[PDB]
Amino acid sequence: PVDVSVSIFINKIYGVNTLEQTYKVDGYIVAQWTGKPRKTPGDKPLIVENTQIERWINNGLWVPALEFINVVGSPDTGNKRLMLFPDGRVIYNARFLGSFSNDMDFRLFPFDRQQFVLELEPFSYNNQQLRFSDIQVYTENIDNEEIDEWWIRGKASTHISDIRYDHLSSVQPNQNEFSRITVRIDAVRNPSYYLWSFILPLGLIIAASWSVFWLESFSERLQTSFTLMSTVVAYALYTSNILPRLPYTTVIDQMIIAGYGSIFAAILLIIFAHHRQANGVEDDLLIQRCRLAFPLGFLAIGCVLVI
Amino acid sequence: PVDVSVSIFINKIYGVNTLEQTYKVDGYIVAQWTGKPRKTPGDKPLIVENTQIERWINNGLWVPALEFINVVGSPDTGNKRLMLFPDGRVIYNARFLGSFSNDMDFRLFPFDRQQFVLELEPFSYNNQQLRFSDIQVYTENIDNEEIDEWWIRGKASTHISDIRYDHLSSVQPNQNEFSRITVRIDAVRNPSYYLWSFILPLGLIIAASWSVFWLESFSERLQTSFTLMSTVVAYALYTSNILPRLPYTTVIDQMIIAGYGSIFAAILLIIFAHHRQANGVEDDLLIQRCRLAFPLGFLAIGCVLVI
Amino acid sequence: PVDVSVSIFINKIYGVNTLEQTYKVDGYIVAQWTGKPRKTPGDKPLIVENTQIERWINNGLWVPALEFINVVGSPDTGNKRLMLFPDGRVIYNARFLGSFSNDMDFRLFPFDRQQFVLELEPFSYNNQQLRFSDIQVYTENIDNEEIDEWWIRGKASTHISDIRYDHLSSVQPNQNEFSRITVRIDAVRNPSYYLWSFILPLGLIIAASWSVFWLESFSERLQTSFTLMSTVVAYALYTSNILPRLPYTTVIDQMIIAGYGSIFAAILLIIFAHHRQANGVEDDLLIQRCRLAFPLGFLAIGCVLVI
Amino acid sequence: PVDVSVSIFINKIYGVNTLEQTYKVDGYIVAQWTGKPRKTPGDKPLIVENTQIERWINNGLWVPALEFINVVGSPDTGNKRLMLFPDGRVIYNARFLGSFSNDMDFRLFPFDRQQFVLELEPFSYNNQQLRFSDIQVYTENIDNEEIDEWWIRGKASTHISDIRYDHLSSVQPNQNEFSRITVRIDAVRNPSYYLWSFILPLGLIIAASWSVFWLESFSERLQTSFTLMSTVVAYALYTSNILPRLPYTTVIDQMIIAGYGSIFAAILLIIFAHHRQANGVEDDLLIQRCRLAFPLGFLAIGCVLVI
Amino acid sequence: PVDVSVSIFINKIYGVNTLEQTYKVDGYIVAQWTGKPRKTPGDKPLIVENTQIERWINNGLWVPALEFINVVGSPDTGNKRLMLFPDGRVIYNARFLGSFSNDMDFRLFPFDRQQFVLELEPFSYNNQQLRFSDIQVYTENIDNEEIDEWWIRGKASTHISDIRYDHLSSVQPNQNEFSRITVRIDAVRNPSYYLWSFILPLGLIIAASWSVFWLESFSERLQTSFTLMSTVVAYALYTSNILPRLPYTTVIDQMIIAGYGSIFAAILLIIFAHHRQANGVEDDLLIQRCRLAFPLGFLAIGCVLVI
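Sequence order for the protein chains is D, C, B, A and E.
Using PDB author numbering, read the first sequence as starting at 11 and increasing by one per residue.
Using PDB author numbering, read the second sequence as starting at 11 and increasing by one per residue.
Using PDB author numbering, read the third sequence as starting at 11 and increasing by one per residue.
Using PDB author numbering, read the fourth sequence as starting at 11 and increasing by one per residue.
Using PDB author numbering, read the fifth sequence as starting at 11 and increasing by one per residue.
Following this line, the structure appears as structure tokens:
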């Protein structure tokens, strides 16, 4: 029951696909397992590159195919190389870049908690066993990750485990257990751009939306809350150009709905103030003076936004 | 007349192409059919991976090519492997990812009823028969499908059937009947994002559109419904950024037309109220007071769009 | 001079590229020509799939390469298969998907008259001849083509013809005439979405644009036609998000220019009415009353594209 | 020193990448050079297609690799074919589609002067010589180039020349001179769409921008030029949806800056007219009457731009 | 310990991916190392092209695989060619185009300081040594780089160095040192388009935003700063169409936040001026006259934006 020692060098994790729950990993893969001793020219290990590996397999060299369980489709293998040793052992070294899949909760948006994962596991081989797994995270923790979209938590987490497949084959005297390495890498989103060029101006607009109560006339109060209405729509549109398409409402997405609400409340009170009277065109002296009543009736509905 | 036993593991169904009626399916394919007994090294089944399969076919091993009837173009086969048994039987195992086609009615938009389908059928072989078909849908019961775009109904539906091709070959003594597996998987769209950040604010804008009648002057009433007009256009524009391009009008698409309608009605009544009088500038006392007459003359044309 | 019998099964015609005059066709191709009789294992026709075809060609089997003349680049051939008969004849069967080119006039936009074309023609062979051509349009008539973007007219049109190339080779004793099948499929665009969510609201905006004349003041009349101006610009922008990029003006594209015209006419008259007087601030009593004069000077004076 | 006769058939030149200075060319390539006489089955020329060419090269047939100097990356070769003659000569015929590079000045935008270029030149071969070059431009002189994005000038320009590489090899007794065909095809952009749906409405908006001076009040004159300001911004946005991304300012791009200028001039004069006085709130009687002074102070500083 | 002489010809550096920190380089690669003398047909160097190189490697010709360390995935190798000399030496010549990665700070946006990098290094070979490195920057001086997006500083910088890998193999008696060429090319962004069609109009809008103080009424002053508010939002939206998506705030991105600030300040002062009085509707005589107080209280704030 063969022993394989894996080493996976992560080079870059880049381009997260928010809708599809997908990210890209470029790196190298190394596998080493010890075989029947061999006569190597010189007595120095043999190096077999690219084209030439398929040839040694055709001669009878076993090289197991190991699959990225959670990869999308099939990845882009750069330079492969077999290093064959005189005393038997064989080191397989391939550079790769490919798209991976994991569960990805983007709900708490621009303050985001994510984890990138690879899953390696021998494709066709039951009892060959992944010995020990190593992971070399190149790029560094605090560094210049302000140039970078993501900050990694985070040194690489490993986990060799055994996975059982229920629906097995026409072999069953105890043959459904495959050796799976699982590599995790925690990360957090760089909440910069989204705070300053996003949350803040949306706030200023929500804020200035309230200065509709400091207009004198009733006519001025209603008509102004209309260009206010469409200032929100014009903003949502700008949100739709920059923000990543999702199937749930993000933090930002809500703030923007709160905007529509604050101004639709405004419209209701402004119209209420004018036709709740005893004597003619008498605007409700006190209600029109919620000037600084629902700015903190929003910071109050807005501390229950944060349950 | 050969018996083939198929097993199809669905891994992910992702990325629906709304215009092209296309979706992506990642999974494994398994086929098993029993052949002439064979001498296998050891007396344990033989494993043949990737490169090596073509070699056994070149020696004379039959392996049938089975086509995804409804795939688009040709898919991305990851790791293939033949498992050859001593007693004859052969298991073919390949991982795949590829784009599929089905009819797709998106009319009832954000509350959407869809079904994903595979169609497998032997490419060139008349009498070899698909025995029984199995389908392993990877998730379960009460999940986290709120992270996910689609909810599956839905345990996999199967259906082995016989399909006849009218325009056949130069063989015809009863040879036009191919064995076709058909796998269905029902699903529903996660109406979340589209309700909260879409239907609702469109409603609030439709609603507030009506508070044009609570303006005093006639001048105020007409001029306001103009910025109201373009508030709708600025909204439709935001719809065009997020919503999926279609060749029919969706539910949302209609609501937005109703918006244009309500405000064009407004412009008609507002101008009518002013010039339906006697000899002067006497606004029609009662008509201008449809204030809460066609908000429920809208909720009334509104057991129509989805009734 | 060899006789080849072609059969082309169209499966889907999807994804029109409006700028590049390109569409995608997924289907099967069948070619059958009779050769020197052969010893086939059993005495049943031989089936040769994929990998194995190149092997028979290497042994000496002729299989002609036939080119899609009007394809873009080179297509995506799925499953090929040779069926070799004992009495000689050979049937070539390949599934394909690829991008095609034809002239495409999108001028009369959302009411669109288009025709999809394949052109098959033996690549390197002068006297081998395309016998007869068959075309199996799967995709059906009054069906559910409301789910579909295009309606096909339209049963497939054929046409085997001979095409002569002027600039020939160093062979010329009558050798410049190649056998070309040409398959046409007429189609019309589903003018749904574009009428309802496009032509109509553009009309309502053009319409309501005219109610600028029913404002009292001159100040109200000018200032209002300005937000009216940019309502059009905001609309064109929404046009730009949904409509397919072209190098000519479509029907819609014009209607939108008529919008800019109507409102620039408005600006002219409104300013004229105010400074054409037999006095001081006396608005031209009658000119300001073109209220329902150029709404039907628009349904008119610009109504001759049906010339 | 071998004589090669080239023939290049241009089929389509489509999809210009404005940023990257890239265009696509689909066509055929033909090379003919005479070799040592050969025994051809029959005594008719031999035809070798696709798979089979590599086989004759493996036997020792020289076929030179000729490179598109200015191609991007490496192209998509469709059907290749060697035609081998009994008297020696060899005709190489390949269909191709690939992306090419040339210098591309888009400055004078929608009235555009462009030229598409191929550069063919033997990859590894010093003294083999490109004999004479032929170019068959399919697309026509008097046509329907209104369906087409570009109009070709323009019959194909040729030019076989010798090019010297300074930094050569370890061969230098006069060995740095390679034979290069250079094919040019002049073209002009179809200024249609951009005149009618772009330049014109930008003009009307520039025009109507001036009718700000025909407002009575000073309040009306300032406040109106603001919605006028953002009408320009809303237009520039529409520009950004349809126009091709560039690294310089186009003709249109300027016209749009002139728009921002005219209205920022307006804001300056309008505010000047109000506080350049004698008796209090006395608007400068004459300055406010530049009503038709800087519309032709724009047709004046605007015609120095181009000319 | 083998000596390799590298020569890298840069043809084009194009298409920078701002988010992924990626650029494309098209060029040629040359490697020359001297081997055991050889019998070459004639006694002139042998030329081996494309298909044929793999054949000589199969015979036993060593050709080392050299990897672009920093490339993304794996590049597009055009025409390869071995030139084998009688005296042993071998020149390897390949054309390539591929995507590379470097750190890329876009913070100081449209005035941008960037450097493009290649890293070459023998994939599997410890003691073979990169001799000397040459780099032929075709692309030119002061030239016509106004047609071009980038201006190169900048003649090519080289640097052969030794790199040590900590986590090495089962070989360790001093075997972890690989020979790495590193080629740098400095560049600056063409600040044209972004100055004229971007910074400037953003300035005019910021500028004209201040003429809100030269309105008479208080009602006019508040209501106008609202359309002023959404003039900024409409601008940011135009920013989002043209500017490259980033994860930090650029120069421009700030200027635009300053806009939102200036107008939210305005709204604050304008509302302050009105309710900071004795008793009645007496606008604060002096505060309303910050007319030209915070235009230079902005040229004072947007000036510690560099210091």
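Built from N, CA and C at the ideal position, the CB exists for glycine as well.
(request) Using the Cα positions of residue 14/C and residue 43/C, report the straight-line distance between them to the nearest angstrom. (result) For residue 14/C and residue 43/C, the distance between alpha carbons rounds to 5 Å.
(request) Identify the contact partners of residue 279/A in chain B, using a Cβ-Cβ distance below 8 Å as the criterion. (result) None at all; the shortest Cβ gap to chain B is about 18 Å.
(message) Helix, strand or coil for residue 230/A? Go by DSSP, reduced to three states.
(response) Here residue 230/A sits in helix by DSSP.
(request) Find out if the Cβ-Cβ distance for the pair residue 260/D, residue 123/D is shorter than 8 Å. (result) Their beta carbons are not under 8 Å apart, which means residue 260/D does not touch residue 123/D by this criterion.
(request) Report the three-state DSSP secondary structure of residue 77/E (helix, strand or coil). (result) It is a strand residue.
(request) Measure from the alpha carbon of residue 162/C to the alpha carbon of each residue in 196/C, 141/C, 86/C and 22/C, then state which is nearest. (result) The residue from 196/C, 141/C, 86/C and 22/C with its alpha-carbon nearest to that of residue 162/C is 196/C.
(message) Any contact between the region 284 to 303 of chain C and the region 99 to 113 of chain B? By contact I mean 3 or more CB pairs, one from each, below 8 Å.
(response) Touching, no, given that fewer than three Cβ pairs across the two stretches are closer than 8 Å.
(request) Check the Cβ of residue 60/C against every Cβ in chain D and list those closer than 8 Å, keeping chain order. (result) Those are 75, listed as they occur along chain D.
(request) Kindly list, in the order they appear in chain B, the residues whose Cβ is closer than 7 Å to that of residue 25/A. (result) Within chain B, the residues near residue 25/A are 30.
(message) Give me the DSSP bridge partner(s) of residue 59/B.
(response) According to DSSP, which records beta bridges pairwise, residue 59/B is partnered with 91/B.
(message) Which residues in chain B have a C-beta closer than 9 Å to the C-beta of residue 191/A? List them in chain order.
(response) Chain order gives no chain B residues near residue 191/A, where near means a beta carbon separation below 9 Å; the closest approach is about 17 Å.
(request) List the endpoints of the continuous alpha helix (DSSP H) containing residue 23/A. (result) Where residue 23/A is concerned, there is no enclosing alpha helix (DSSP H), although the beta strand (DSSP E) it sits in stretches over 12 to 27.
(request) Look at residue 191/D and residue 173/D and say whether their C-beta atoms are less than 8 Å apart. (result) When the beta-carbon positions are compared, residue 191/D and residue 173/D stay at least 8 Å from each other.
(request) Within the same chain, show all residues whose beta-carbon is closer than 6 Å to that of residue 319/D, passing over the 5 residues directly before and after it, in chain order. (result) As displayed, chain D neither begins before 11 nor continues past 317, which places residue 319/D out of reach and without an answer.
(request) Run the CB neighbour count on residue 231/D, radius 10 Å, all protein chains shown included, and call it buried at 16 or more, exposed below. (result) So residue 231/D ends up on the buried side.
(message) Along the chain, where does the beta strand (DSSP E) containing residue 261/D start, and where does it finish?
(response) Run containing residue 261/D: none in the beta strand (DSSP E); it sits in the alpha helix (DSSP H), 261 to 285.
(message) Can you check whether the C-beta of residue 122/D is within less than 8 Å of a C-beta belonging to chain C?
(response) Cβ-Cβ to chain C under 8 Å: no for residue 122/D.
(message) Under 7 Å, CB to CB, which of the residues in the region 234 to 254 of chain A have a partner in chain E?
(response) From the region 234 to 254 of chain A, only 236, 237, 239, 240, 243, 244, 246, 247, 250 and 251 have a Cβ closer than 7 Å to chain E.
(request) Spell out a yes or no on whether the region 208 to 215 of chain B and the region 258 to 274 of chain B are touching, meaning 3 or more CB-CB pairs, one atom from each, closer than 8 Å. (result) Counting Cβ pairs under 8 Å, three or more are found: they touch.
(message) Could you check whether the region 81 to 97 of chain D touches the region 68 to 77 of chain C, counting it as contact only if at least three pairs of C-beta atoms, one from each stretch, sit closer than 8 Å?
(response) Proximity of the region 81 to 97 of chain D to the region 68 to 77 of chain C falls short of the contact definition, fewer than three beta-carbon pairs being nearer than 8 Å.
(request) Can you have a look at residue 182/A and say buried or exposed, based on whether 16 or more other CB atoms are within 10 angstroms of its CB? (result) Exposed is the call here.
(request) Assign residue 159/C to one of two classes, buried (16 or more other C-beta atoms within 10 Å of its C-beta) or exposed (fewer than that). (result) So residue 159/C ends up on the buried side.
(request) Tell me, to the nearest whole angstrom, how far the beta carbon of residue 250/A is from that of residue 216/E; I am working on the premise that it is less than 8 Å. (result) That pair is no contact at about 20 Å.
(message) Please tell me whether residue 29/B and residue 66/B are closer than 8 Å, where the distance is taken between their beta carbons.
(response) Between residue 29/B and residue 66/B, the C-beta gap is not smaller than 8 Å, which leaves the two residues out of contact.
(request) Output, in chain order, the set of chain B residues within a Cβ distance shorter than 9 Å of residue 308/A. (result) What residue 308/A touches in chain B: nothing, since even the nearest Cβ is about 16 Å away.
(message) Are the CB atoms of residue 37/A and residue 20/A within a distance shorter than 8 Å?
(response) In contact: residue 20/A and residue 37/A (Cβ atoms closer than 8 Å).
(request) Please list the partners that residue 200/B has in chain C, where partner means a Cβ-to-Cβ separation under 9 Å. (result) Neighbours of residue 200/B on chain C, chain order: 257 and 258.
(request) Would you verify that the beta carbon of residue 22/E is, or is not, closer than 8 Å to some beta carbon of chain A? (result) So yes, residue 22/E belongs to the interface.
(message) Which residues in chain E have a C-beta closer than 8 Å to the C-beta of residue 83/A? List them in chain order.
(response) Result: 36, 86, 88 and 107.
(message) Just to confirm the assignment: which complete beta strand (DSSP E) runs, minimum length 3, are found wholly within the region 111 to 150 of chain A?
(response) Entirely contained in the region 111 to 150 of chain A, the beta strand (DSSP E) runs reaching 3 residues are, in chain order, 123 to 132 and 138 to 147.
(message) For a cutoff of 8 Å on Cβ pairs, would you count residue 64/B as touching chain A?
(response) It does: the Cβ of residue 64/B has a partner Cβ on chain A nearer than 8 Å.
(request) Kindly list the residues whose CB is nearer than 7 Å to the CB of residue 135/C, restricted to its own chain and excluding five residues on each side of it in sequence; keep chain order. (result) So the list reads 74, once near-sequence residues are dropped.
(request) Pick helix, strand or coil for residue 315/A, following the three-state DSSP scheme. (result) It is helical.
(message) Measuring straight from C-alpha to C-alpha, what distance separates residue 198/D and residue 164/D?
(response) One C-alpha to the other measures close to 9 Å.
(request) List the whole-angstrom C-beta distance separating residue 204/E from residue 120/E, where the pair is believed to meet the contact cut-off of C-beta under 8 Å. (result) Sure, about 3 Å apart at Cβ, within 8 Å.
(message) Is there a Cβ of chain A sitting closer than 8 Å to that of residue 48/E, yes or no?
(response) For residue 48/E, the answer is no, since every Cβ of chain A falls outside 8 Å of its Cβ.
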